[PDB]
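S.K.: Below you will find the structure I want to go over with you.
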Amino acid sequence: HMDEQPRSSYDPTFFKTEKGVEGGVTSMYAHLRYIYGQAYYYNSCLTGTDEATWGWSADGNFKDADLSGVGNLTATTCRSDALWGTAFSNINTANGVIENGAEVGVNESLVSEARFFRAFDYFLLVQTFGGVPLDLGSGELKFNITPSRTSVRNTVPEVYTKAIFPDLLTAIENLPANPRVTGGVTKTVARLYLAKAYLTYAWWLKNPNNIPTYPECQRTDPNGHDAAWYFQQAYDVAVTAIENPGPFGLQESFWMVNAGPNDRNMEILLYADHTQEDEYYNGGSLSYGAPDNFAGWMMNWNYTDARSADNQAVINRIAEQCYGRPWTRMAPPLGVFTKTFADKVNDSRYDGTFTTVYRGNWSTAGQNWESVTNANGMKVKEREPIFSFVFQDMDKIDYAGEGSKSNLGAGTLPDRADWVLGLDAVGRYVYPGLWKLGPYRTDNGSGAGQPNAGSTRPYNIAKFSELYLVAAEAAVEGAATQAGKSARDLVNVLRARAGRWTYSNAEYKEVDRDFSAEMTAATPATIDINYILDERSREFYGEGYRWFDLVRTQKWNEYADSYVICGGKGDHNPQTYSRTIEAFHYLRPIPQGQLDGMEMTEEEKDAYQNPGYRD
């Protein structure tokens with residue numbers, strides 16, 4: 001199906017009221033929870049890129065997505081499919097809110113939230129699937145009540161020009177500076193997504209590596225401007241946001257951006273609010289009776305395996321950000337450590353991304369051991385390092401001896417009271433957990449909390465930081481820059497920020513370091529797209545940006561054609577795996593469910609489906 005949500009003949013009249021417009025608008029905030037935090041969609045944004053390959057416990061969902069000869073990516077197996085029905089349901093709702101609310105004069109500040117969300121949804125769809133329908137059964141961008149059995153896909157430029165740009169431009173004029181409600185949309189997030197949309201369209205027009213689009217359409221803009229024009233607008237709009245940020249801004253340190261106690265901070269422009277839940281009512285009377293934020297489980301592993309020299313289970317599964325529930329379904333390739341996060345001394349970001357030092361928490365399991373013995377018969381207290389992923393003396397580790405006793409493929413080092421494994425020995429079972437998406441719960445007490453519950457944390461969708469990297473990318477592709485905001489200046493803002501350490505996760509303590517001078521100096525004299533993409537991986541690793549960024553820039557092949565990783569536990573042999581990423585893979589399949597739901601001939605269905613996925 002296309003529209004999941006049920007529609008009443010009175011809905012258009014409902015949306016001629018302010019309370020109806022609010023109703024619709026708040027369901028739009030809700031729709032974010034079915035995408036952002038959803039683990040299988042999350043997969044579709046990351047696996048098969050440089051940031052993620054399949055993990056030891058991987059399903060078809062993750063294997064099929066890696067495009068590495070261990071699965072099949074088809075119209076039934078791509079987890080792009082979570083986006084389709086969710087986005088179109090929301091879009092239809094937005095269509096109703098917008099045509100009826102605007103017709104009657106319902107406050108445009110509020111209506112423009114729906115304008116934003118409609119653009120937002122279409123921008124995800126257009127990148128993911130190519131051209132998609134603007135007509136849902138009642139005309140272009142019109143509210144549809146009774147679902148149609150037939151659909152027609154518009155072209156990419158039609159979606160950008162007809163739906164995405166005009167909505168965002170209007171939204172920017174009318175949206176408030178400060179959020180109306182929590183996580184609420186503002187001028188700044190509308191500007192961000194407009195700049196991104198212009199940036200993405202500009203690349204689409206330029207089409208340097210000749211990746212086909214579907215439906216068939218020529219590489220020119222109905223609005224009549226060239227790629228350069230769009231690159232310039234991307235720059236200008238991003239920069240206008242930076243200069244008029246309302247309440248938003250960068251945190252002092254990169255740790256503060258994704259640290260649990262600082263969720264909902266003013267670097268976050270938009271998020272899915274996973275605390276907010278649904279209240280059922282039956283015929284006016286309360287009835288007892290949400291989707292989960294379980295994306296953080298994918299790039300998290302069985303640290304609970306960790307043992308002492310006396311084979312004691314020293315790490316309990318608990319609801320803390322460094323620990324949390326593991327599904328071992330996605331793993332970081334070694335390129336992440338050797339290329340992306342090369343610098344770990346001057347760069348907060350590696351440490352503000354991965355949990356590297358795993359400590360004992362055994363009293364959460366009801367144990368009362370003062371100390372325990374492991375790692376050359378050394379005593380280790382609670383909350384002290386048991387197992388560390390290291391990047392220093394990697395070629396000295398002794399995996400041959402007592403490291404066996406860890407139940408981790410781990411080894412030892414001299415005068416070192418902790419098990420240890422180097423980043424060149426990372427595998428599909430044992431890898432640094434993704435700390436960004438770990439759970440955060442104040443109500444754990446002295447116990448484990450509820451570690452198998454979905455995360456209650458916001459899932460962060462849009463960040464003030466990205467503005468800098470959107471403008472910088474536009475600058476690299478030829479846009480005319482303003483004084484103090486060259487490509488190099490813009491990149492250096494985020495890099496200077498990255499050199500400021502406020503807290504070390506590895507060391508589990510406050511800290512005071514400023515390596516911003518060093519970071520600024522090590523930035524290349526001139527900036528290429530490769531560097532933008534590396535910075536994007538550093539700032540946004542594992543958050544679900546990667547597939548979009550590599551497809552826009554057409555670097556997906558260059559960055560993902562091969563990855564490097566070791567095997568299961570006790571396998572420290574780094575093997576190179578090669579992917580087969582064809583040009584038609586740059587568009588995801590239309591989900592088979594949509595095709596099956598339509599009254600069409602097999603010929604019409606073949607034509608509806610993107611090339612490569614028709615058999």
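Identifiers for the structure tokens are assigned positionally: chains receive A, B, ... in sequence, residues are indexed from 1 per chain, and ligands are indexed from 1 in the order shown.
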Please identify all polymer residues within 8 Å of stretch 297-304 of chain A, counting only C-alpha atoms, omitting same-chain residues fewer than 2 positions from it, and present them as an NGL selection string.

M.R.: :A and (39 or 55 or 294-295 or 306 or 313-317 or 323-332 or 358 or 429-434 or 438)

S.K.: Taking C-alpha atoms for each residue, export the selection above as an mmCIF file, in the first residue's frame.

M.R.:
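Result file is result-v8.cif:
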data_model
loop_
_atom_site.group_PDB
_atom_site.id
_atom_site.type_symbol
_atom_site.label_atom_id
_atom_site.label_comp_id
_atom_site.auth_asym_id
_atom_site.auth_seq_id
_atom_site.Cartn_x
_atom_site.Cartn_y
_atom_site.Cartn_z
ATOM 1 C CA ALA A 39 16.906 -0.245 12.964
ATOM 2 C CA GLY A 55 28.183 -7.968 11.742
ATOM 3 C CA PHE A 294 16.519 0.359 18.557
ATOM 4 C CA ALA A 295 19.054 1.580 15.985
ATOM 5 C CA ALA A 306 34.135 -10.301 28.819
ATOM 6 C CA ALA A 313 31.273 -12.374 34.309
ATOM 7 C CA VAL A 314 32.436 -8.857 35.089
ATOM 8 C CA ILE A 315 30.295 -6.807 32.659
ATOM 9 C CA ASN A 316 26.508 -6.839 33.050
ATOM 10 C CA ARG A 317 24.126 -5.659 30.324
ATOM 11 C CA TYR A 323 27.028 -0.436 27.484
ATOM 12 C CA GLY A 324 23.450 -1.127 26.360
ATOM 13 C CA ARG A 325 21.825 -3.905 24.342
ATOM 14 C CA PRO A 326 23.794 -5.521 21.463
ATOM 15 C CA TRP A 327 22.523 -7.245 18.314
ATOM 16 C CA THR A 328 25.949 -7.426 16.596
ATOM 17 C CA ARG A 329 24.380 -6.690 13.190
ATOM 18 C CA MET A 330 26.623 -3.968 11.729
ATOM 19 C CA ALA A 331 30.383 -3.619 12.125
ATOM 20 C CA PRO A 332 32.874 -0.837 11.315
ATOM 21 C CA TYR A 358 34.825 -1.356 28.659
ATOM 22 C CA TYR A 429 32.054 -10.010 16.549
ATOM 23 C CA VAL A 430 34.406 -7.712 18.511
ATOM 24 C CA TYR A 431 34.391 -4.022 17.536
ATOM 25 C CA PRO A 432 34.046 -0.649 19.306
ATOM 26 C CA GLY A 433 30.369 -0.056 20.178
ATOM 27 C CA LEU A 434 28.577 2.995 18.777
ATOM 28 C CA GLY A 438 23.750 4.083 23.473
#

S.K.: Please run DSSP on the backbone and report, as a PyMOL selection string, all residues within stretch 173-287 of chain A that come out as strand (DSSP E or B).

M.R.: chain A and resi 268-272+281-282+285-286

S.K.: With N, CA, C and O atoms kept, could you save the residues just selected as a compact mmCIF listing (two decimals), in the first residue's frame?

M.R.:
# COMPACT_ATOMS: atom_id res chain seq x y z
N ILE A 268 21.17 20.57 18.02
CA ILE A 268 20.19 19.68 17.39
C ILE A 268 19.02 20.49 16.85
O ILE A 268 18.25 21.05 17.60
N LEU A 269 18.90 20.56 15.53
CA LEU A 269 17.83 21.32 14.86
C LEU A 269 16.51 20.55 14.79
O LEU A 269 15.42 21.15 14.75
N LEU A 270 16.61 19.22 14.75
CA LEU A 270 15.45 18.36 14.65
C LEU A 270 15.76 16.96 15.15
O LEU A 270 16.86 16.44 14.93
N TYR A 271 14.78 16.35 15.82
CA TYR A 271 14.90 14.98 16.27
C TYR A 271 13.56 14.25 16.35
O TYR A 271 12.51 14.88 16.45
N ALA A 272 13.61 12.92 16.29
CA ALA A 272 12.45 12.07 16.60
C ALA A 272 12.39 11.94 18.11
O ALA A 272 13.38 11.53 18.72
N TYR A 281 -7.87 6.28 23.04
CA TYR A 281 -9.20 6.62 23.58
C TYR A 281 -10.27 5.91 22.77
O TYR A 281 -10.22 5.91 21.54
N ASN A 282 -11.24 5.29 23.45
CA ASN A 282 -12.29 4.56 22.76
C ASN A 282 -13.65 5.21 22.98
O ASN A 282 -14.17 5.17 24.08
N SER A 285 -13.82 7.60 25.80
CA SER A 285 -13.36 7.02 27.06
C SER A 285 -11.95 6.46 26.94
O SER A 285 -11.58 5.85 25.93
N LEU A 286 -11.15 6.68 27.98
CA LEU A 286 -9.77 6.21 27.96
C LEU A 286 -9.70 4.70 27.88
O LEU A 286 -10.41 3.99 28.59

S.K.: Report as a ChimeraX atom specification all protein, DNA and RNA residues lying within 12 Å of residue A:235, evaluated on only C-alpha atoms, omitting residues in the same chain fewer than 5 positions from it.

M.R.: /A:191-192,194-199,202,228-230,240-242,467-482,485-487,490

S.K.: For residue A:248, which residue out of A:412, A:361, A:276, A:465 is the nearest one, using only C-alpha atoms?

M.R.: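 Counting only C-alpha atoms, the residue closest to residue A:248 is A:465.
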
S.K.: Taking the DSSP assignment computed from this structure's backbone, write out as an NGL selection string all residues of stretch 203-406 of chain A that belong to helix (DSSP H, G or I).

M.R.: :A and (203-206 or 227-243 or 254-258 or 260-262 or 295-297 or 303-305 or 335-340 or 348-351 or 362-365 or 394-396 or 402-406)

S.K.: Grab the residues selected above and save them as a short mmCIF file (atom, residue, chain, number, x, y, z; two decimals), in the first residue's frame with C-alpha atoms.

M.R.:
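Once written, out.cif looks like this:
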data_model
loop_
_atom_site.label_atom_id
_atom_site.label_comp_id
_atom_site.auth_asym_id
_atom_site.auth_seq_id
_atom_site.Cartn_x
_atom_site.Cartn_y
_atom_site.Cartn_z
CA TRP A 203 25.06 17.41 -8.17
CA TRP A 204 22.15 15.74 -9.98
CA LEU A 205 22.36 18.30 -12.81
CA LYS A 206 26.16 18.01 -13.04
CA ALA A 227 24.19 23.54 -11.55
CA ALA A 228 26.38 26.54 -10.66
CA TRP A 229 23.26 28.51 -9.72
CA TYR A 230 22.10 25.77 -7.38
CA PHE A 231 25.56 25.38 -5.81
CA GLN A 232 25.48 29.15 -5.16
CA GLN A 233 22.02 29.04 -3.55
CA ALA A 234 23.11 26.10 -1.36
CA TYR A 235 26.01 28.24 -0.15
CA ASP A 236 23.96 31.43 0.30
CA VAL A 237 21.11 29.75 2.20
CA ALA A 238 23.41 27.72 4.46
CA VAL A 239 25.36 30.88 5.27
CA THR A 240 22.17 32.88 5.97
CA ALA A 241 21.21 30.19 8.52
CA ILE A 242 24.60 30.41 10.26
CA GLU A 243 24.31 34.22 10.44
CA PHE A 254 31.91 17.27 20.24
CA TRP A 255 31.26 15.10 23.29
CA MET A 256 28.43 17.44 24.34
CA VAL A 257 26.61 16.96 21.00
CA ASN A 258 25.81 13.26 21.52
CA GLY A 260 23.01 11.51 26.94
CA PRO A 261 22.81 14.12 29.74
CA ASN A 262 22.90 16.84 27.03
CA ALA A 295 19.05 1.58 15.99
CA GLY A 296 21.76 1.72 18.66
CA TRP A 297 21.67 -2.05 18.98
CA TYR A 303 30.79 -7.00 25.55
CA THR A 304 28.98 -9.18 28.16
CA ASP A 305 31.24 -12.02 26.96
CA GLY A 335 39.07 2.01 7.00
CA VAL A 336 37.01 3.86 9.63
CA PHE A 337 40.03 3.76 12.00
CA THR A 338 42.92 4.03 9.51
CA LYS A 339 41.40 6.64 7.14
CA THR A 340 38.38 8.47 8.63
CA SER A 348 37.66 14.57 20.15
CA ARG A 349 35.50 12.85 17.55
CA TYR A 350 36.71 9.24 17.53
CA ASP A 351 36.40 9.15 21.34
CA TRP A 362 29.27 -6.26 38.39
CA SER A 363 27.29 -4.85 41.35
CA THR A 364 24.47 -4.17 38.86
CA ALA A 365 24.24 -7.99 38.66
CA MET A 394 49.15 -2.55 18.33
CA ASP A 395 51.99 -4.75 16.98
CA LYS A 396 53.18 -5.74 20.53
CA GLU A 402 46.52 -15.72 28.72
CA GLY A 403 44.40 -13.25 26.66
CA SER A 404 42.39 -16.41 25.91
CA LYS A 405 40.92 -16.12 29.45
CA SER A 406 38.95 -13.00 28.44
#

S.K.: What is the atom CA of residue A:140-atom CA of residue A:75 distance in Å, reported with one decimal?

M.R.: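 Atom CA of residue A:75 lies 25.9 Å from atom CA of residue A:140.
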
S.K.: Determine, for each residue of stretch 163-266 of chain A having at least one atom at most 10 Å from an atom of stretch 585-590 of chain A, the closest pair of atoms and their separation in Å to one decimal, counting only C-alpha atoms; order by chain and ascending number, as JSON lines.

M.R.:
{"residue": "A:211", "atom": "CA", "partner": "A:586", "partner_atom": "CA", "distance": 7.4}
{"residue": "A:212", "atom": "CA", "partner": "A:586", "partner_atom": "CA", "distance": 8.4}
{"residue": "A:213", "atom": "CA", "partner": "A:587", "partner_atom": "CA", "distance": 7.8}
{"residue": "A:214", "atom": "CA", "partner": "A:587", "partner_atom": "CA", "distance": 8.1}

S.K.: Could you save the residues just selected, with N, CA and C atoms, as a compact mmCIF listing (two decimals), in the first residue's frame?

M.R.:
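Output file again_26.txt follows:
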# COMPACT_ATOMS: atom_id res chain seq x y z
N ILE A 211 25.51 8.59 -13.74
CA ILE A 211 24.57 7.67 -13.09
C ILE A 211 23.16 7.99 -13.57
N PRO A 212 22.47 7.02 -14.18
CA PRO A 212 21.14 7.30 -14.73
C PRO A 212 20.13 7.63 -13.67
N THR A 213 19.10 8.37 -14.04
CA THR A 213 17.99 8.67 -13.16
C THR A 213 16.77 7.92 -13.63
N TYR A 214 15.81 7.72 -12.74
CA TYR A 214 14.56 7.13 -13.18
C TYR A 214 13.42 7.81 -12.45

S.K.: Would you mind listing what lies within 8 Å of residue A:346 as an mmCIF file with C-alpha atoms, in the first residue's frame, with only C-alpha atoms counted and same-chain residues fewer than 3 positions away left out?

M.R.:
data_model
loop_
_atom_site.group_PDB
_atom_site.id
_atom_site.type_symbol
_atom_site.label_atom_id
_atom_site.label_comp_id
_atom_site.auth_asym_id
_atom_site.auth_seq_id
_atom_site.Cartn_x
_atom_site.Cartn_y
_atom_site.Cartn_z
ATOM 1 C CA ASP A 343 43.894 11.401 14.343
ATOM 2 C CA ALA A 498 36.815 19.058 17.513
ATOM 3 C CA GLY A 499 40.192 19.888 19.118
ATOM 4 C CA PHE A 515 44.172 21.103 20.242
ATOM 5 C CA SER A 516 42.240 23.540 17.979
ATOM 6 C CA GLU A 518 46.854 21.759 15.750
ATOM 7 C CA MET A 519 43.600 20.717 13.994
#

S.K.: Might you pull out every residue within 10 Å of stretch 155-160 of chain A, with only C-alpha atoms counted and same-chain residues fewer than 5 positions away left off, and present them as a ChimeraX atom specification?

M.R.: /A:119,122-123,125-127,129-134,165-167,197-198,200-201,204-205,213-223

S.K.: Keeping only N, CA, C and O atoms, write the selected residues to a file as a compact mmCIF listing (two decimals), in the first residue's frame.

M.R.:
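Writing the result to selection11.txt gives the following:
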# COMPACT_ATOMS: atom_id res chain seq x y z
N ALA A 119 8.17 18.81 2.17
CA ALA A 119 9.45 18.92 1.48
C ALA A 119 10.44 17.86 1.99
O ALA A 119 11.03 17.12 1.21
N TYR A 122 9.58 14.37 0.74
CA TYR A 122 9.87 14.26 -0.68
C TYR A 122 11.38 14.29 -0.97
O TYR A 122 11.84 13.65 -1.91
N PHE A 123 12.16 15.00 -0.16
CA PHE A 123 13.61 15.01 -0.31
C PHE A 123 14.24 13.65 0.04
O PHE A 123 15.24 13.26 -0.55
N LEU A 125 12.50 10.65 -0.21
CA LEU A 125 12.02 9.83 -1.30
C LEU A 125 12.80 10.03 -2.61
O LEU A 125 13.20 9.05 -3.27
N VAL A 126 13.03 11.28 -3.00
CA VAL A 126 13.63 11.58 -4.30
C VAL A 126 15.06 11.08 -4.40
O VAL A 126 15.45 10.60 -5.44
N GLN A 127 15.83 11.18 -3.32
CA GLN A 127 17.20 10.68 -3.28
C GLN A 127 17.25 9.16 -3.28
O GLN A 127 18.12 8.57 -3.91
N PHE A 129 14.67 6.84 -4.12
CA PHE A 129 13.95 6.09 -5.15
C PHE A 129 14.00 6.71 -6.54
O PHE A 129 13.61 6.05 -7.52
N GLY A 130 14.49 7.95 -6.63
CA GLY A 130 14.39 8.75 -7.84
C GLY A 130 13.05 9.46 -7.90
O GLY A 130 12.45 9.77 -6.88
N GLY A 131 12.57 9.74 -9.10
CA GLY A 131 11.29 10.42 -9.24
C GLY A 131 10.19 9.61 -8.59
O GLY A 131 10.20 8.38 -8.66
N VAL A 132 9.26 10.30 -7.94
CA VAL A 132 8.14 9.65 -7.24
C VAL A 132 6.85 10.45 -7.46
O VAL A 132 6.91 11.61 -7.84
N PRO A 133 5.68 9.82 -7.23
CA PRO A 133 4.41 10.48 -7.54
C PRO A 133 4.15 11.73 -6.72
O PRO A 133 4.34 11.74 -5.50
N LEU A 134 3.76 12.80 -7.41
CA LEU A 134 3.22 13.99 -6.80
C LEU A 134 1.69 13.94 -6.77
O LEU A 134 1.06 14.74 -6.10
N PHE A 165 11.32 22.80 -3.34
CA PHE A 165 11.81 24.18 -3.18
C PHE A 165 10.78 25.19 -2.74
O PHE A 165 11.06 26.02 -1.90
N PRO A 166 9.60 25.18 -3.35
CA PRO A 166 8.60 26.18 -3.01
C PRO A 166 8.11 26.07 -1.58
O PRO A 166 7.91 27.09 -0.91
N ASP A 167 7.92 24.84 -1.11
CA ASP A 167 7.52 24.60 0.28
C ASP A 167 8.51 25.14 1.31
O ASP A 167 8.10 25.83 2.26
N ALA A 197 18.97 20.39 -0.27
CA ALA A 197 18.20 20.08 -1.47
C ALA A 197 18.79 20.75 -2.71
O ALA A 197 18.94 20.11 -3.74
N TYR A 198 19.13 22.03 -2.60
CA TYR A 198 19.82 22.73 -3.69
C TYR A 198 21.15 22.05 -3.99
O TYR A 198 21.46 21.79 -5.15
N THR A 200 22.02 19.00 -3.49
CA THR A 200 21.79 17.68 -4.07
C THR A 200 21.34 17.75 -5.54
O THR A 200 21.80 16.96 -6.38
N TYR A 201 20.45 18.69 -5.83
CA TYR A 201 19.97 18.96 -7.19
C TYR A 201 21.12 19.41 -8.10
O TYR A 201 21.18 19.02 -9.25
N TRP A 204 23.00 16.47 -9.04
CA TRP A 204 22.15 15.74 -9.98
C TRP A 204 22.23 16.30 -11.42
O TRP A 204 22.28 15.55 -12.39
N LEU A 205 22.24 17.63 -11.53
CA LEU A 205 22.36 18.30 -12.81
C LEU A 205 23.75 18.10 -13.43
O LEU A 205 23.87 17.85 -14.62
N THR A 213 19.10 8.37 -14.04
CA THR A 213 17.99 8.67 -13.16
C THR A 213 16.77 7.92 -13.63
O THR A 213 16.69 7.52 -14.77
N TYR A 214 15.81 7.72 -12.74
CA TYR A 214 14.56 7.13 -13.18
C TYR A 214 13.42 7.81 -12.45
O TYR A 214 13.55 8.13 -11.27
N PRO A 215 12.29 8.10 -13.09
CA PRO A 215 11.92 7.92 -14.50
C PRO A 215 12.82 8.69 -15.45
O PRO A 215 13.46 9.64 -15.03
N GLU A 216 12.85 8.27 -16.70
CA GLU A 216 13.75 8.88 -17.65
C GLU A 216 13.43 10.36 -17.75
O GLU A 216 12.27 10.76 -17.86
N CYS A 217 14.48 11.16 -17.68
CA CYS A 217 14.33 12.60 -17.72
C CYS A 217 15.66 13.21 -18.10
O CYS A 217 16.71 12.69 -17.71
N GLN A 218 15.64 14.31 -18.84
CA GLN A 218 16.90 14.98 -19.20
C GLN A 218 17.44 15.79 -18.04
O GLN A 218 16.68 16.21 -17.16
N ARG A 219 18.75 16.01 -18.07
CA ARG A 219 19.47 16.69 -17.00
C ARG A 219 19.44 18.19 -17.13
O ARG A 219 20.49 18.83 -17.16
N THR A 220 18.23 18.74 -17.18
CA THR A 220 18.04 20.18 -17.17
C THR A 220 16.89 20.50 -16.23
O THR A 220 16.04 19.66 -15.95
N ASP A 221 16.87 21.75 -15.79
CA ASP A 221 15.98 22.21 -14.77
C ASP A 221 14.80 22.96 -15.37
O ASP A 221 14.99 24.01 -15.95
N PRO A 222 13.57 22.46 -15.19
CA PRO A 222 12.38 23.21 -15.60
C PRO A 222 12.38 24.67 -15.15
O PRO A 222 11.84 25.52 -15.86
N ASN A 223 12.94 24.97 -13.97
CA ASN A 223 13.04 26.36 -13.50
C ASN A 223 14.06 27.20 -14.27
O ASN A 223 14.05 28.43 -14.15

S.K.: Using only C-alpha atoms, pick whichever of A:489, A:113, A:18, A:415 has the shortest atom-to-atom distance to residue A:175.

M.R.: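 Among the listed residues, A:113 lies closest to residue A:175.
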
S.K.: Can you check which parts of stretch 86-199 of chain A lie within 9 Å of stretch 7-14 of chain A? Per residue, the shortest pair of atoms and distance in Å to one decimal, counting only C-alpha atoms, sorted by chain and number, as CSV.

M.R.:
residue,atom,partner,partner_atom,distance
A:96,CA,A:12,CA,6.2
A:97,CA,A:12,CA,7.8
A:99,CA,A:12,CA,8.5
A:100,CA,A:12,CA,6.1
A:101,CA,A:12,CA,8.8
A:143,CA,A:12,CA,8.0
A:144,CA,A:7,CA,8.2
A:145,CA,A:7,CA,5.3
A:146,CA,A:7,CA,7.2

S.K.: For the selection you just gave me, I'd like the residues written to a file as a PDB file, in the first residue's frame, keeping C-alpha atoms.

M.R.:
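As a result, part.pdb now contains:
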ATOM      1  CA  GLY A  96      -4.671  18.083   3.294  1.00  0.00           C
ATOM      2  CA  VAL A  97      -3.352  20.407   5.940  1.00  0.00           C
ATOM      3  CA  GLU A  99      -4.504  23.090   0.808  1.00  0.00           C
ATOM      4  CA  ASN A 100      -7.344  23.481   3.304  1.00  0.00           C
ATOM      5  CA  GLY A 101      -5.458  25.478   5.914  1.00  0.00           C
ATOM      6  CA  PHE A 143      -5.206  15.521  -0.507  1.00  0.00           C
ATOM      7  CA  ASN A 144      -6.390  12.047  -1.470  1.00  0.00           C
ATOM      8  CA  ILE A 145      -9.170  10.355   0.499  1.00  0.00           C
ATOM      9  CA  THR A 146     -10.018   7.060  -1.262  1.00  0.00           C
TER      10      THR A 146
END

S.K.: Enter the distance from atom CA of residue A:550 to atom CA of residue A:41, in Å, rounded to one decimal.

M.R.: 16.9 Å

S.K.: Using Å and a single decimal, report how far atom CA of residue A:612 sits from atom CA of residue A:67.

M.R.: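 Interatomic distance, atom CA of residue A:67 to atom CA of residue A:612: 13.7 Å.
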
S.K.: Which one of A:182, A:530, A:20, A:609 sits closest to residue A:594 if you count only C-alpha atoms?

M.R.: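 So, comparing all the options, the nearest one is A:609.
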